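Next up is one chain by itself, shown in structure tokens, the form deposited in one PDB entry.
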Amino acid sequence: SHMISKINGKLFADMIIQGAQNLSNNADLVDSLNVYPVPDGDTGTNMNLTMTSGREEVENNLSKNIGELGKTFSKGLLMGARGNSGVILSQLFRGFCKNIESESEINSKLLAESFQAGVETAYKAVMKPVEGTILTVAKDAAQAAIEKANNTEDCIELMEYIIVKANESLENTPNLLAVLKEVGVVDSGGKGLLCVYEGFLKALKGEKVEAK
């Protein structure tokens, strides 16, 4: 009754919009977690402003064609990327959207492959990648996506599993990055990414994030 076998451009737009709203609602929390590389209190603000730049382009130029919608989202992120986290987020989504540029809709396997493509783009963009960060969480989420999509057609079930595994990775970040364990926090960039992913899931279920 509620399975998602294909994601068109409007469903992707909904994922973007609900992910952006969920991040906005949690931006102050994500800011306060920020300790790496400097505790300058801005991860949530940076990611929120970057995501908002993408969301605004999407809201003004919707399409049934997921590839075209992805081009619109990607351009918005890339012209408004703020801070280390916003730049990395924009590169994750640049690679994700490039992977689907020629599609009108995608299935669960192409969704998983697009997460992986985003990870590859983001790691290549960062000259000195550090583990325990948004890169680690994205990498572990994408590996989970590939494994699960191999026998899961339903994108809701797939995204639920991605979130379980992304949360496990996020909770493991202090075991990779010393300052996180010393201060007693998880990685702020990774937390912001989880906020986006949890909005993706709401949209796949046809639900909306309540605006704080």
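Take the two forms, find the largest set of C-alpha atoms that superpose within 1.5 Å, and that set is the rigid core. Residue positions are given as counts along the sequence shown, with the first one as 1.
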Practice prompt. With reference to the PDB entry, specify whether the mean Cα temperature factor is higher for 56 to 64 or for 42 to 50.
Written response: 56 to 64
Fill in: Given 89 to 97 and 102 to 110, the range whose Cα B-factors average higher in the PDB entry
102 to 110
Practice prompt. Select lowest, middle or highest to describe the third in which the CA B-factor of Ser188 falls within its chain in this entry.
Written response: lowest
Worksheet entry | Among modelled residues of the same chain, the CA temperature factor third for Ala149 | highest
Discussion item. Could you place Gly76 in the lowest, middle or highest third of its chain by Cα temperature factor, using the values in the record?
Written reply: highest
Item to complete: Ordered by C-alpha B-factor within the chain, which third holds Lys124? Give me lowest, middle or highest, please.
Response: middle
Discussion item. Quick check on the deposited entry: does the C-alpha B-factor of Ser32 sit in the lowest, middle or highest third of its chain?
Written reply: highest
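Just so you know, the form deposited in another entry exists too; it's not on screen, but the next bit is about it.
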Practice prompt. Tell me, with the core superposed, which single residue in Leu110, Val130, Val87, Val126 has its C-alpha moved by at least 2 Å between the shown form and the other one.
Written response: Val126
Worksheet item: On a core-based superposition, does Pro37 travel 2 Å or more at its Cα between the shown form and the other one?
Response: yes
Item to complete: Tell me whether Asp40 and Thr173 end up closer or farther apart in the other entry, going by their C-alpha atoms; the shift is 3 Å or more.
Response: farther
Worksheet item: Looking in the other entry, are the Cα atoms of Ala144 and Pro37 closer together or farther apart than here, the change being 3 Å or more?
Response: farther
